[PDB]
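Chains o, n, l, c, s, M, L and g, in that order, give the protein sequences.
Here the entry's author numbering is used: position 67 in the first sequence is 68, and no number is missing along the way.
Here the entry's author numbering is used: position 76 in the second sequence is 77, and no number is missing along the way.
Here the entry's author numbering is used: position 79 in the third sequence is 103, and no number is missing along the way.
Here the entry's author numbering is used: position 55 in the fourth sequence is 65, and no number is missing along the way.
Here the entry's author numbering is used: position 31 in the fifth sequence is 90, and no number is missing along the way.
Here the entry's author numbering is used: position 256 in the sixth sequence is 256, and no number is missing along the way.
Here the entry's author numbering is used: position 69 in the seventh sequence is 69, and no number is missing along the way.
Here the entry's author numbering is used: position 12 in the eighth sequence is 37, and no number is missing along the way.
Where is the CB? At the ideal position from N, CA and C, for every residue including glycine.
Beneath this line is the structure, given in structure tokens, with notes to follow.
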Amino acid sequence: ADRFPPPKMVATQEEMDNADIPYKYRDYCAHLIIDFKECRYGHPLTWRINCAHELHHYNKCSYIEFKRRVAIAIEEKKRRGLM
Amino acid sequence: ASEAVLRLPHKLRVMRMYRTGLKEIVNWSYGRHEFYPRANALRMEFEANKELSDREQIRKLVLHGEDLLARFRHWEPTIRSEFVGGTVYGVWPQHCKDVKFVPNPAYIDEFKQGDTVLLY
Amino acid sequence: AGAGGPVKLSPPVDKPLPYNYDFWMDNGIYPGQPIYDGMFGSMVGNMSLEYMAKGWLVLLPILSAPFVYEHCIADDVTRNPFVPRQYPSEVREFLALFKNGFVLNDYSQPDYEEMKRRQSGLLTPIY
Amino acid sequence: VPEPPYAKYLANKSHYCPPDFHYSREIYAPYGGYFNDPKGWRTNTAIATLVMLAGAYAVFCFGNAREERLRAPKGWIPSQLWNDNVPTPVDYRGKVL
Amino acid sequence: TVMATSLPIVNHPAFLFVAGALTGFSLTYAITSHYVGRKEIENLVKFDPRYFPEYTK
Amino acid sequence: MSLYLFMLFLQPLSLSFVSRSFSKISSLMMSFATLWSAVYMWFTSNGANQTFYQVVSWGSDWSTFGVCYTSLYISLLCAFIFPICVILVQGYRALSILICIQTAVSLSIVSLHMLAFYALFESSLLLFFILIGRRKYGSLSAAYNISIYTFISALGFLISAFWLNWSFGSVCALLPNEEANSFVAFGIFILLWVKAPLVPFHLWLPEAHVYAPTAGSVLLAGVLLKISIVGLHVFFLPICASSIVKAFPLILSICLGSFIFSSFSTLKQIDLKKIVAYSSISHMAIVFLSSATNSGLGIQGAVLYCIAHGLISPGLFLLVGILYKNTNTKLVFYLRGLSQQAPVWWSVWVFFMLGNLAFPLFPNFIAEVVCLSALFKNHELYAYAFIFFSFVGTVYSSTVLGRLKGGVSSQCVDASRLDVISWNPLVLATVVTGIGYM
Amino acid sequence: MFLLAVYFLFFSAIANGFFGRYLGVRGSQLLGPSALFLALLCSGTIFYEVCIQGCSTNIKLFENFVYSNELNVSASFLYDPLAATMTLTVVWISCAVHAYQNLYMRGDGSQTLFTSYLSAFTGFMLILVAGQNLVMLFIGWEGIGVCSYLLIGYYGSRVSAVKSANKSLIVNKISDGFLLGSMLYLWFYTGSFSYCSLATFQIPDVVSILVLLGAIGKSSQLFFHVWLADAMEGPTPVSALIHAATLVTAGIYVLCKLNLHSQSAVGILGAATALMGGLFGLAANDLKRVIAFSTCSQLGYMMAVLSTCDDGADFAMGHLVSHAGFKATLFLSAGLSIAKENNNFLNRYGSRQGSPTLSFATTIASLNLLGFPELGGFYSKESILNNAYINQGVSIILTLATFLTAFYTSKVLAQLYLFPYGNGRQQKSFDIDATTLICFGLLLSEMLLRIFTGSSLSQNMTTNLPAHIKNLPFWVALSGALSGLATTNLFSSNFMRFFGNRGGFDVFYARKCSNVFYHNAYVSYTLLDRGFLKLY
Amino acid sequence: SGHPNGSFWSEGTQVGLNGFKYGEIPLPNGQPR
Ligand SMILES: CCCCCCCCCCCCCCCCCC(=O)OC[C@H](COP(=O)([O-])OCC(O)COP(=O)([O-])OC[C@@H](COC(=O)CCCCCCCCCCCCCCCCC)OC(=O)CCCCCCCCCCCCCCCCC)OC(=O)CCCCCCCCCCCCCCCCC
Ligand SMILES: CCCCCCCCCCCCCCCCCC(=O)O[C@@H](COC(=O)CCCCCCCCCCCCCCC)COP(=O)(O)OCC[N+](C)(C)C
Ligand SMILES: CCCCCCCCCCCCCCCCCC(=O)O[C@@H](COC(=O)CCCCCCCCCCCCCCC)COP(=O)(O)OCC[N+](C)(C)C
Ligand SMILES: CCCCCCCCCCCCCCCCCCCC(=O)O[C@H](COC(=O)CCCCCCCCCCCCCC)COP(=O)(O)OCCN
Ligand SMILES: CCCCCCCCCCCCCCCCCCCC(=O)O[C@H](COC(=O)CCCCCCCCCCCCCC)COP(=O)(O)OCCN
Ligand SMILES: CCCCCCCCCCCCCCCCCCCC(=O)O[C@H](COC(=O)CCCCCCCCCCCCCC)COP(=O)(O)OCCN
């Protein structure tokens with residue numbers, strides 16, 4: 002946990018509230034989810050084709066966060082001695 | 002085997018066993034294509050022991066076939082819709098005539114309609 | 025033809041009635057039925073309650089085997105190869121409040137013990 | 011059996027009635043008879059549609075008076091054309107429209 | 060003969076074998092996948108030099 | 001108040017002077033005048049007078065009459081439901097008996113003196129013995145049951161009233177008195193135990209209802225059972241609260257047991273009237289328990305549920321009477337095809353049965369919600385017990401409806417113009433209360 | 001504007017069921033579909049305003065519906081994103097079912113009353129979905145329960161239909177009783193019935209259990225699924241409405257609206273119901289029964305996903321909305337097949353010349369159920385299966401259910417179309433009017449739109465899974481479909497029989513629970529009130 | 026089958042009373058009850 006420090010949080014409380022982002026989605030990727038959300042709602046039926054850049058960017062950030070979570074897990078497991 | 006089946010004579014018992022087995026073949030099949038080989042197999046099964054004359058062996062065969070036909074009874078019998086046990090049996094049953102209708106019911110002794118207390 | 029199909033009428037009662045005849049439902053059409061099917065009389069598929077119980081006895085262990093492992097044998101540290109989703113402190117503290125939440129299983133957190141005790145909460149209201 | 015005198019007042023079997031199906035014609039039900047198709051149905055349906063539109067107008071008036079939107083919509087909503095209590099739309103970023 | 064008129068391939072021995080093999084593999088893999096997948100997910104990070112220099116050599 | 005009491009005294013008086021051929025018309029007009037006077041009493045009742053809206057005394061403690069929340073609702077219910085009973089009954093003898101019973105019951109509700117309450121409610125004792133034991137359609141057994149149960153309970157209540165009059169010196173409700181005695185509490189309680197049927201003292205009710213005329217059954221279920229709640233709110237809780245709190249585990253046991261055993265007994269019934277009677281016994285338990293909690297939520301809930309029952313049970317008893325007139329049978333087994341044969345009777349029957357099951361658009365739903373909330377205020381288990389066992393009512397009602405709904409029938413047995421006229425007020429009142437104008 | 005939809009449905013109910021003598025059969029064939037079309041226009045406006053543009057609205061009809069002392073509730077409607085989505089789906093399916101009933105119910109005496117019950121049923125569903133307080137939800141819950149009782153038992157001269165309706169009523173009574181208890185707990189300790197103030201971070205287990213027990217009734221889960229299979233006695237339009245949207249979905253909706261569920265219970269109960277329903281559907285030989293068991297399985301998937309992650313509520317609602325369309329299509333097509341063939345058994349169906357529209361609609365609905373890639377059902381089901389991987393137990397059971405689902409669905413498709421003709425050589429025919437074609441056009445339009453618009457915001461968000469684990473649902477579905485086409489035997493006759501008897505839940509209830517119930521009634525009455533306490 | 030004249034918007038085929046309301050028989054000359 003300490004070795005892999007959290008990333009800086011680009012999104013502020015005011016922006017997350019203004020974009021109506023639930024608390025669960027405020028996970029260091031909220032700025033990208035705001036971009037994706039605004040684009041998906043802007044294009045109600047054509048988002049799948051049009052809004053693909055934002056989804057890609059969110060998925061990439063999510064991937065990096067997932068890798069961090071796995072790293073934290075491995076570090077904790079090594080500290081406890083299980084592996 | 003039920004009591005009604007048991008009371009039946011030997012010939013009628015074997016005819017009933019064949020009939021029931023054919024119906025159960027139909028119920029357990031997935032299409033008409035399956036029925037024909039299975040029905041031919043059932044026919045051959047009965048034909049094979051038809052000439053047996055030993056009463057004891059015949060009784061054993063009958064009893065076993067009855068136990069098999071009891072165990073392999075289908076949860077869902079394939080029954081035509083218009084017959085008893087069918088989806089459309091009783092949906093809108095045909096009304097019989099001679100229905101007793103009382104015309105102008107409220108106008109028969111209108112003022113004195115009600116319950117009376119009779120005393121001694 | 026949906027309407028007007030022939031039906032068989034149930035015969036009129038002609039013998040002394042049993043005391044518990046209310047268990048039989050007869051509308052006047054020939055095939056009357058018990059109040060609850062399978063309470064008495066013919067059983068569907070010729071399967072008794074004992075047969076059903078023996079089946080459930082054979083089936084239950086195979087169905088329960090996946091669930092028993094993760095829930096009982098496995099532990100928070102070993103259940104998954106990653107930790108629960110990481111949130112900013114303000115978000116995480118609020119999310120930890122929810123008893124039915126998913127952030128209470130973060131062993132890495134220094135508040136793990138409190139969160140675990142929160143998850144296994146009260147059975148009934150104390151007041 | 012010789013049909014009773016009142017049978018003249020009662021209606022005939024409708025076109026939709028299956029010929030075999032026999033029903034007692036004397037029984038009255040509010041939902042209608044076995045196969046209905048009354049004469050004058052077209053007028054009754056027109057009256058029904060008019061009562062439906064009038065009640066829709068009343069319901070629309072009531073709803074508009076009671077529809078409280080306390081948070082600004084993200085974008086333009088159709089309610090603006092008919093209802094004046096819609097807060098000015100604000101987008102995801104926060105800019106007012 | 061299952062579907063002689065419309066889809067005769069079903070009766071073919073090769074079809075039956077391929078369908079059974081797909082059934083076997085998919086069903087057994089569903090149970091075994093949890094261990095296998097969890098391993099590929101642990102390994103993805105453990106052998107990445109940036110995340111964990113010690114394991115890499 | 002004075003107008004209502006005067007109209008009440010005029011209704012029995014009018015019969016003595018009528019032509020003996022105009023009796024039914026005069027009785028109906030008098031019943032409507034009594035209803036209008038009750039509406040006037042409601043108009044002249046200001047909510048500003050929180051304790052008692054109006055109190056009138058005519059020279060003695062016995063002649064002290066007054067209206068409160070419970071009294072007002074019950075009196076309005078009695079005046080609303082009496083016209084239906086009047087039209088359903090034919091004959092001068094029957095009218096005389098019914099009008100005397102109604103006058104006694106309606107005077108009991110507004111009475112504020114325990115001894116006067118007893119004098120007025122129990123005056124209608126022989127009249128019920130004679131009514132339930134009528135020559136051809138009555139049963140002597142039912143008459144004896146109801147009469148003996150009433151006499152024993154009311155005598156116990158009378159003994160308690162005599163002790164309170166000796167000890168305090170007055171038995172009027174308006175004078176604040178408190179008693180911790182358990183014998184006196186039991187004496188007052190036993191009347192409530194019997195009148196509002198509670199197991200094991202409920203046997204008198206079903207017999208009386210089955211062998212009573214439709215007007216009698218309608219009056220009994222509609223308001224006679226409610227007279228218990230007036231006695232509880234006016235003559236028991238003010239003086240014997242300590243004993244209700246002391247005995248609450250026992251009260252709860254007896255009320256829940258009544259609800260359960262009555263529900264189970266309803267399952268073995270083959271007569272429509274007995275089904276409706278046992279449903280009433282089951283429904284009375286919630287009202288009794290809710291009032292015994294001595295909370296605002298409970299007293300209001302109990303009165304509201306009482307009104308809902310006093311609007312739903314007369315409807316079912318009226319429909320059952322209409323069906324019996326058409327068919328001369330009350331056995332569910334003989335009655336089949338009622339959906340096809342009586343679409344108009346069936347619609348109203350289904351509506352009233354839905355009301356009896358406490359569905360949301362019916363007064364029973366709101367009333368039940370309030371009563372359950374009061375029980376939940378006491379304990380969560382108390383509410384849960386009652387909520388769970390409510391399914392038994394569903395099983396019996398569903399079985400009855402299913403047996404009646406379909407089959408083969410050769411008789412057209414539908415309501416006439418008179419029968420629809422008799423239920424229309426009850427239907428409208430049910431709908432209005434259901435939408436929240438309780 | 002928001003009220004209009006409920007007004008249109010209740011008006012169509014009152015008109016058809018109280019003034020049907022004047023309107024006529026044709027009048028109901030006009031007023032019903034017209035009102036439903038107007039309600040669809042209103043529901044579409046509501047969906048656009050609330051879901052797409054994030055504008056929730058509250059309409060308070062009147063205050064003090066119940067005003068006893070502290071307890072105070074008002075009749076108010078809050079259109080939140082969940083409400084808008086469900087309103088739209090419900091009205092779309094109801095409009096289609098109303099169009100369908102014009103031709104299907106022509107051979108039924110009370111077409112006016114049927115249409116009235118269908119419109120009242122839709123109105124009570126919209127009341128349940130749009131209620132702002134728990135009392136309004138209860139009003140809707142009971143209204144759908146009563147309408148189901150009046151619709152399943154529509155054929156009164158059939159003892160099976162009346163018993164099926166009694167069964168539904170009793171099961172729903174037990175469930176709404178548990179719900180009433182939970183609502184009382186929530187009112188007492190939170191002070192209100194409104195969902196805004198209802199929010200509680202930590203809830204005692206009792207309330208969670210009561211909520212779950214209440215929900216498992218309408219959404220037929222294990223131990224409470226007996227009524228769904230029996231509900232096949234009713235006419236086909238009823239089955240489409242109840243199974244696709246009105247009844248099964250309510251339980252999920254309640255669980256998602258108030259997140260008081262416990263992860264451990266919902267996951268196990270759901271996965272069990274999914275597997276059992278699929279196994280029961282394997283044995284079934286009635287077309288309408290197989291689609292009911294399929295409904296049970298899908299409900300199991302939706303209940304199970306709530307346990308997996310935070311987005312489980314969104315995933316469940318997304319599956320619910322995707323499922324309603326294809327499932328409705330499956331029931332309407334099954335009904336038309338039954339009507340055309342005068343047969344309910346899969347054995348007697350076969351290839352026969354028909355309408356292209358119906359055969360395509362059946363194929364596409366079956367494909368959505370199966371999980372064919374790039375379809376609305378596929379995305380909504382993969383979202384569940386992929387996210388359930390973390391819970392090892394739930395995932396394994398759900399994959400096995402996916403296999404069984406594919407097997408029966410493929411077997412049904414083969415039996416209805418690919419298989420040779422199995423019915424007799426007799427003259428049978430059902431001609432389809434343009435109204436039926438419009439109904440199938442509407443269902444296909446919903447299915448197509450679902451692919452373009454999606455079901456959840458997080459539908460296409462990446463689940464960080466190895467490729468082999470992400471694409472396994474497809475391989476399992478394909479393997480099951482191939483095994484189903486070959487019509488192979490999977491289980492021994494002992495298990496096939498067990499699954500045909502649906503696990504013997506009803507045999508247990510009849511032999512033990514019903515006997516105990518009537519023995520308690522015998523002791524209560526015969527032995528006591530009319531025995532010990534009755535005079536000679 | 027189909028519609029009576031082949032057109033949905035055609036006059037109803039039933040002339041008379043669908044049933045007798047309350048069981049009352051219409052007076053022949055139209056006399057009020
Ligand atoms: C000033 C200007 C003028 C304005 C006017 C103002 C004047 C004020 C009052 C004047 C009115 C006249 C009074 C009527 C006297 C006769 C009434 C009568 O005989 O009843 C039946 C009689 C009907 O006669 P009938 O049909 O021709 O046949 C009778 C035959 O003679 C025999 O027939 P049968 O053999 O077949 O018997 C069958 C019997 C079935 O058998 C039974 O049921 C017997 C039951 C025993 C009695 C019932 C017990 C319960 C009664 C409760 C009291 C009812 C009021 C309830 C209010 C609660 C009060 C605490 O059924 C009945 O008889 C009727 C059933 C119900 C009536 C019972 C009520 C009468 C109580 C006592 C009557 C008074 C007699 C006094 C005698 C005077 C000299 C002899 O009169 C009625 O119309 C009904 C009763 C009217 C009751 C009002 C009388 C007051 C009694 C209330 C007590 C309160 C104290 C008194 C103060 C009153 C105001 C100051
Ligand atoms: C044989 C019968 C044939 C004829 C059939 C008659 C058809 C009846 C039509 C059904 C009526 C539906 C209307 C339900 C609302 C009840 C109307 C009402 O109560 O008036 C309210 C005003 O409120 C309204 O007008 C509501 C608007 C009605 C129409 C709006 C939408 C229509 C869709 C129906 C959905 C309603 C759901 C409500 C569920 C509780 C009174 O206002 P307040 O002064 O606040 O009264 C105090 C409140 N309390 C009653 C509790 C004492
Ligand atoms: C909530 C706001 C608005 C409320 C509107 C509610 C919708 C309409 C309510 C109309 C009145 C409510 C109850 C009507 C009386 C109950 C009887 C009934 O509904 O049906 C009757 C007869 O129906 C009628 O004549 C009147 C029905 C007109 C409209 C009914 C719409 C559905 C009822 C709504 C359920 C009430 C909700 C109560 C609990 C929430 C009996 O029908 P069956 O038993 O099925 O037998 C008919 C014959 N057959 C075998 C062929 C089926
Ligand atoms: C995945 C989640 C689980 C879903 C369902 C799981 C159910 C598992 C429970 C069954 C497994 C254990 C059964 C108990 C062992 C009994 C072994 C043989 C049974 C036996 O000999 O007697 C039977 C007792 O009924 C019985 O066995 C009734 C006992 C059942 C306990 C109550 C549990 C609810 C059961 C609901 C569905 C089960 C259906 C089949 C049980 C039949 O008795 P008899 O009628 O022949 O006696 C004659 C009448 N004098
Ligand atoms: C210090 C004292 C020590 C204790 C000593 C106690 C000694 C006895 C006490 C018993 C007092 C109770 C009085 C009621 C007796 C029972 C009824 C009599 C039975 C009977 O046959 O009555 C028949 C009809 O009664 C019926 O139909 C009525 C059915 C039963 C009535 C139920 C009783 C009311 C509730 C009981 C208690 C309630 C609360 C207690 C506080 C009419 O017979 P007939 O006219 O044909 O005459 C012909 C001669 N056979
Ligand atoms: C066995 C279960 C009990 C059945 C009752 C269930 C529910 C009834 C509750 C009614 C609510 C108010 C009534 C007050 C008390 C009545 C019964 C309470 C239980 C009880 O018997 O307590 C007794 C005291 O009550 C007494 O001393 C009086 C008892 C009643 C007297 C019986 C007949 C009286 C009739 C008098 C007529 C009017 C007289 C007016 C002057 C002894 O309890 P304890 O305190 O000694 O504890 C010593 C134990 N270790």
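From the options, pick the residue whose C-alpha is nearest to that of residue i; which is it?
i         : options                                       : result
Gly406(M) : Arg417(M), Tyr137(M), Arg336(M) and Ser139(M) : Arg336(M)
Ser89(c)  : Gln53(L), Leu71(L) and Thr85(L)               : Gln53(L)
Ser280(M) : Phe333(M), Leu224(M) and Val234(M)            : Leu224(M)
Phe6(M)   : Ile25(M), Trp58(M) and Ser23(M)               : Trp58(M)
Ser75(M)  : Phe365(M), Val303(M), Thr430(M) and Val413(M) : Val303(M)
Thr122(L) : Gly109(L), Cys147(L), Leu134(L) and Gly107(L) : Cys147(L)
How close, in whole Å, do the beta carbons of residue i and residue j come, if the pair is a contact with beta carbons under 8 Å?
i         : j         : result
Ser132(l) : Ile73(o)  : 6 Å
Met125(L) : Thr246(L) : 5 Å
May I ask you to list the residues that DSSP assigns as paired with residue i?
i        : result
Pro58(l) : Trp48(l)
So if I measure from each beta-carbon to every heavy atom of ligand 6 and keep distances below 5 Å, which residues remain?
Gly156(M), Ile159(M), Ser160(M), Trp163(M), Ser182(M), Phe183(M), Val184(M), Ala185(M), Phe186(M), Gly187(M), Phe189(M), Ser243(M), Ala247(M) and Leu250(M)
Could you tell me whether the region 329-345 of chain M touches the region 245-255 of chain M, using the rule of 3 or more Cβ pairs below 8 Å?
no
Quick check: the region 258-276 of chain L against the region 393-405 of chain L, are at least 3 beta-carbon pairs closer than 8 Å?
yes
Tell me, please, whether the region 94-102 of chain L touches the region 220-232 of chain L by the rule of three or more beta-carbon pairs shorter than 8 Å.
no
Would you call the region 296-310 of chain L in contact with the region 96-116 of chain n, where contact means no fewer than 3 C-beta pairs closer than 8 Å?
no
contact_flag[the region 4-11 of chain L, the region 28-45 of chain L] where n(CB pairs < 8 Å) is 3 or more
yes
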